[PDB]
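Written below as structure tokens is the structure these notes are about.
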Ligand code: NA
Ligand code: NA
Ligand code: NA
Ligand code: NA
């Protein structure tokens, strides 16, 4: 009976999106974004913690002047389930007024919290607000919200990796995998 | 006479560390850290915003269970320049007590800020605190502080890219470059 | 020649609003607010740090069920002076949606930051947003904004005390005084 | 039958410490503190939200130069029930190094949170750290901690008022009362 050190791959049912697929797509989106933001320096924002790996790869493949920033938010309880209103833990380091804001996200599902942030930025007089998401789960929507750039449309699979976690782990996987039912059931 | 949109490359005097060099070193360091933390899930933390690109790539090449978190800090004025004490704007999302902390940094120069945080984590009863930095400028130290893992030891260059900025721009370059004198003086 | 320890009163040229006046006005305002909010538990919010002494005394003389909360904000520089847009350092502990918000302030001058907060709460779907200020300098307005409750309308005086500071000192005076010119110039 | 508008007093079993007692004590503590901090300008800190009414009254009865500041913290869960380690939501606006810190609190019960903050300030190189608390429940201690100034020693009563809440309400009472079992049972 061979026993060895636990590896994350042992918890993965299958690879939904490979690292190779991801890099191919990041290269595509970054080129499109560079073209679309040619003239101005936008503020590319990521909401911690999920967006980090994608935002990092995407922006280095986006050949244009831009500024990066980040926000941290937390839930107010069941009221973060109605309008998506969240508690701001860390706001942007610079003002939104007159800026072209690009929100970089790992996945859009219910669309609630991203919807709340987009309109908060429009309230703060952003010149524009657009969203680029690596993954999109359209059947999950609880409010209408269409991302401006989408890497992949995914079905209702329990996904982890490339920013996506299960109990704060797995975010470091270089691919998006489907977690075996055993691990979370 | 022909004009057109500006490109970041025009502002770079030379490439100090190529994207290929960074990737080779990230692979190397990822493997070493995975080996060192194979029997425990450490808390890998990055201090916004410079550490992101490196933290993303490094953790992707570190095949072990681990948790990610982030801190945001700001200067208290000259009392930060003289001692490292910084104002915490976003604290860790989880407790430090009993955890193995791994601080991921882009560059260590004076070492003041990092030293303040290291001893803050020790005050909070961390089990261990280690530091991995992509770049190390040992001649700049104002306090004794040696990184546990170092990608590159750099000389006296004005650098930008791969997280390093000049007036908040250039962090998205996929390499570490030397900025032309004209741009900052 | 006799010297001794310094006393704050030495720095005050004249009492503008005495402790006796403030207390009489707080009693009056607290009774009005209690009547206006008798059938609802409003969320009374103070923006740190100036509003504290007034908010403590006001709410104590307001005999009705209510909840207290506080926000902390900082300036974005020359982008907070022409919009009022400020950086949120500490957001409310509870959601704004559907709540009657009562902002307690020490003084309204330009009305910029307060106007930004009011419309922020309306963006957050507050049921109502009202403002009670101990002092009002209407001649300083940079935006149209009238408080719903005002203790005293003040002229063009350099004031300190009862929350108002000069270099973070004097906030503990139990009255509002005019600072001797010597101290600030 | 006779039904009237709900008043907070209807939820109060009895008044444990009256407004009259509170003011008499604040006057005493304020005079002692002004004497103890005669020569220096201490940084008087309050942890939101409970400390507000007391800090407000106490500091205005403290006739000495001082700076006020505030912190906001949140629990990490069960790990905040061992060392008292908490998540910092709002840190001090100024540095602690070399400052005489005076923590103003409404009540010390387990002593966990305050013990963590006191030693955090000593870690940040405060010149001194002392505590003034309105109420003290010494039998509640889970860690050793004696306040330097204490208004009243209270037994194990479910208290509300003068900053103390029950479901975020009652903080505005101008006295400290014992809540009727009915209300919380
Ligand atoms: Na651009
Ligand atoms: Na591990
Ligand atoms: Na009410
Ligand atoms: Na003093």
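Only residues that are crowded, with 20+ Cβ neighbours inside 10 Å and without any contact (Cβ under 8 Å) to a residue 24 or more places away in the chain: list them for the stretch C:39-57, please.
C:56
Out of the stretch D:1-53, which residues are within 16 Å of ligand 3 (Cβ to nearest atom) and part of a loop (DSSP other than H, G, I, E, B)?
Matches in the stretch D:1-53: D:4, D:5, D:6, D:7.
For residues in the stretch A:60-75 being assigned to a strand (DSSP E or B) and farther than 19 Å from residue A:94 by Cα, which is farthest from ligand 1 (Cβ to nearest atom)?
Going through the qualifying residues, I end up with A:75.
Given the options B:111, B:161, name the one that is farther than 17 Å from residue B:58 by Cβ and under 17 Å from the mean Cα position of the chain (by Cα).
B:111
Residue D:144 is checked against (1) assigned to a loop (DSSP other than H, G, I, E, B); (2) within 14 Å of chain C (Cβ to nearest Cβ) and fails just one. What number does that condition carry?
Condition not satisfied by residue D:144: (2).
For the stretch A:64-82, enumerate the residues that are crowded, with 19+ Cβ neighbours inside 10 Å and without any contact (Cβ under 8 Å) to a residue 40 or more places away in the chain.
Those that are crowded, with 19+ Cβ neighbours inside 10 Å and without any contact (Cβ under 8 Å) to a residue 40 or more places away in the chain: A:64, A:65, A:66, A:67, A:68, A:69, A:70, A:72, A:76, A:80.
Give the residue that is surrounded by the fewest Cβ atoms within 10 Å (Cβ to Cβ), with candidates limited to residues of the stretch B:85-121 that are more than 22 Å from residue B:75 (Cβ to Cβ) and out of contact with any helix residue (DSSP H, G or I) (no Cβ under 9 Å at 6 or more places or on another chain).
B:100
So which residues in the stretch D:63-91 are within 8 Å of chain C (Cβ to nearest Cβ) and under 18 Å from residue D:106 (Cα atoms)?
Selection gives D:68, D:69, D:70, D:72.
Counting only residues that are surrounded by fewer than 21 Cβ atoms within 10 Å (Cβ to Cβ) and under 28 Å from residue A:88 (Cβ atoms), which one in the stretch A:10-38 is nearest to the other protein chains (Cβ to nearest Cβ)?
Going through the qualifying residues, I end up with A:37.
Quick test of your reading of the structure: residue B:60 fulfils all but one of (1) out of contact with any strand residue (DSSP E or B) (no Cβ under 8 Å at 6 or more places or on another chain); (2) free of Cβ contacts under 8 Å to residues at least 40 places away in the same chain; (3) buried (at least 19 other Cβ atoms within 10 Å of the Cβ); (4) more than 12 Å from chain A (Cβ to nearest Cβ). Name the failing condition by number.
Residue B:60 satisfies every listed condition except (4).
Any idea which residue in the stretch A:39-57 is farthest from residue B:168 (Cα to Cα), counting only those that are within 13 Å of ligand 1 (Cβ to nearest atom) and more than 10 Å from chain B (Cβ to nearest Cβ)?
By that ranking, first place goes to A:40.
Could you list, in sequence order, all residues of the stretch D:58-77 that are closer than 18 Å to residue C:71 by Cα and more than 16 Å from ligand 4 (Cβ to nearest atom)?
D:70, D:71, D:72, D:73, D:74
Go through the residues of the stretch B:92-100 one by one and say whether even a single one is away from chain A (no Cβ under 13 Å) and part of a helix (DSSP H, G or I).
Looking for residues that are away from chain A (no Cβ under 13 Å) and part of a helix (DSSP H, G or I), one finds none in the stretch B:92-100, hence no.
Readers should treat all values here as calculations from the given coordinates under stated rules, not as data from a laboratory. FYI the Cβ positions are ideal-geometry reconstructions off the backbone, even for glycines, and counts take in every protein chain you see.
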